[PDB]
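So the structure is just underneath, and the comments pick up after that.
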Amino acid sequence: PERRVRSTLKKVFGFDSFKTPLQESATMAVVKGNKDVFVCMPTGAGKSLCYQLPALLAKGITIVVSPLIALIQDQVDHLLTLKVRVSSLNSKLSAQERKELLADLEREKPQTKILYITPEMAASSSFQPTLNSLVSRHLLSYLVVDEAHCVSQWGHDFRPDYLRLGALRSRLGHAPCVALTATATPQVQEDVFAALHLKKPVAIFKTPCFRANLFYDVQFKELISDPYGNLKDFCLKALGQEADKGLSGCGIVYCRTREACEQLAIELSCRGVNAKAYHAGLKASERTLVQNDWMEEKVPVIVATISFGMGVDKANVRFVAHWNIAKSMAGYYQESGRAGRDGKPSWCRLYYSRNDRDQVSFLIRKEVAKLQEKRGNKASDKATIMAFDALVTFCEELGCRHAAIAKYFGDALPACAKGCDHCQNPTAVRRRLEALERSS
Amino acid sequence: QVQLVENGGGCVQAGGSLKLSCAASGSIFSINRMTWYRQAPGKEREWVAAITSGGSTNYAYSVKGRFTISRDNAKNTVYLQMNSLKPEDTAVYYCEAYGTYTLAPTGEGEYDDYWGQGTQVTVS
Ligand SMILES: [Zn+2]
């Protein structure tokens, strides 16, 4: 039986096997259709397939709500190459084409197998007629909500349009619903299940955050009389893990300020570890230079703002050290996780000072209240704040670092085996926190 | 799937107290709400009390000020302290875990509601 899945995956989409074991399970449980389904994988862990493929293997049509026209086009083009008759009804569509597709959707055996559609379109009463005749003939095998996170106000990109989708799902009792996003805290997940009226049990396929080979720890800048030297020592332990090869691989140090990058890259260089500053302040050429130097391991350490790491794809990144705490636990996972891509053991470390925290907490309250004066009030302004607080907690609390990150993102207790300062030495991390008290 | 197990039921002289419990076992991350219900023989099920994540409580008027709903969220175990028991309180008390989020380290996980067998309360 499962072969028709493998068969179509290969014969249509031209991959022999799935991208990850979870993609297989997700797609396979969408196939059965006995449960509604949530898929939460980072962009490009192959979420599209988890519905694009079952859509072809199902009796009737598969309708896909995607929030932007931009996103729809990308997929239509790709599906058209796979010789799939995929249609899109949106804002952008031509007066004649609109009426010509509507006619197609009315035919017994409509040419369309997969209909992509704006949430705007889905609510518009001008469309409800087409919807009803399809609902009537029970010609819906699957409803799919892409970018499910737009239903939540705690999401980064709430679209009111998406609130109406849940009522529609209930009208489509016949068919299972598939909901997908990359980004969902547990509060966003429950918001996604509630406001879409998904039918329990919901099978959830959620790419966990935990990575076996990464050792997270936190050091408290205020406890360290030679901080620049402590960072140097750290960078070298991490790079120095092939005694015969000397410096194997490279690492990143993340800073807030462009100033601090320039300054720190220097302090590190002089203290032993060759390092170059990267940030949007530099000339396009000087950047591509510093990247390339870092890339070919000519200069193994790069001190950068959140500019850097965007599509780097350097595998052997042995350390990611945050000189300044990050604006969000979101940001810290993304930043730190550029480490150890090749899967060889790596070190993520966060330099916490209360002095840093206060600066940032201040700057978020400014940038937020500045937003509330320009665009008025929002609920995602609280997620913005609580997102930072979660990371401060991570530093100010005793307890497994991977667990702490798993908690925030809604991942199951992770299999951390002496893979974080706390689990390795719970007492010494207590000793170090007890100490931060006395500073102030 | 998840085992809801009630405990602490019994007979008491009216005016007495009981303390009922609800252990949810399984790969549980969080539960939207746990609600205590009572069903007397051939009588409609009655909503007694509810606790959400963050300890937001909600109680029926029939019981407000006699009943107290606690949670050791560490033990994922909710309690109903029942003081001043009346014979009208006699029924089968059971919890529902509403919005129950299980997950595996693998990323496979289930959001479902889950219902206990019950425990008998009887008041002379
Ligand atoms: Zn740990």
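So for chain A, numbering is Swiss-Prot's, and the shown residues are 12-451, in order.
Quick reminder: no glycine exception, Cβ is built from N, Cα and C everywhere.
The secondary structure of A:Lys30 (ATP binding site), as reduced to three states from DSSP, is coil rather than helix or strand. Under the heading ATP binding site, Swiss-Prot lists A:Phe26, A:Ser28, A:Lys30, A:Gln34, A:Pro53, A:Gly55, A:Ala56, A:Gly57, A:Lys58, A:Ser59.
Sequence annotations record features per position, and here Swiss-Prot assigns domain 'Helicase ATP-binding' to A:39-213 based on sequence analysis.
According to Swiss-Prot, the feature motif 'DEAH box' maps to A:157-160. The list of residues near the motif 'DEAH box' (A:157-160) in space but at least 6 beyond its ends in sequence, with Cβ under 8 angstroms from a Cβ of it, reads 49, 58, 75-78, 82, 166-168, 173, 190-195, 199, 203, 207.
Taken from Swiss-Prot, the feature domain 'Helicase C-terminal' covers A:241-403, and the record attributes it to sequence analysis.
Summarising the annotation, Swiss-Prot assigns Zn(2+) binding site to A:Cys411, A:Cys427, A:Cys431, A:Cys434 and lists experimental evidence as the type of evidence. Within 10 Å of the C-beta atom of A:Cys427 (Zn(2+) binding site) sit 21 other C-beta atoms, taking all shown protein chains into account.
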Item to check | Minimum Cα separation from A:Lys58 (ATP binding site), reported as the residue among binding-site residues A:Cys411, A:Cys427, A:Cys431, A:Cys434 that achieves it | outcome: A:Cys427
Checklist outcome for this item: Checking the binding-site residues A:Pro53, A:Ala56, A:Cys411, A:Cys427 against ligand 1, those whose Cβ falls under 6 Å of one of its atoms come out as A:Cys411, A:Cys427
Next on the checklist: I need the CA-to-CA distance for A:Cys427 (Zn(2+) binding site) versus A:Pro53 (ATP binding site), whole Å please.
Outcome noted: 21
Next on the checklist: On a C-alpha basis, identify the one among A:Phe26, A:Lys30, A:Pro53, A:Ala56 that is nearest to A:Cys411 (Zn(2+) binding site); the candidates are the binding-site residues.
Outcome noted: A:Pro53
Item to check | List of residues, in chain order, with Cβ under 8 A from that of A:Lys30 (ATP binding site) and at least 6 apart | outcome: A:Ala56, A:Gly57, A:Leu60
Checklist entry - For A:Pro53 (ATP binding site) and A:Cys431 (Zn(2+) binding site), what Cα-Cα distance in Å is obtained after rounding to a whole number? => result 24
Item to check | Where A:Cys411 (Zn(2+) binding site) falls in three-state DSSP terms | outcome: coil
Checklist entry - Looking only at A:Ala56, A:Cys431, A:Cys434, which of these binding-site residues has the biggest number of Cβ atoms within 10 Å around its Cβ? => result A:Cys431
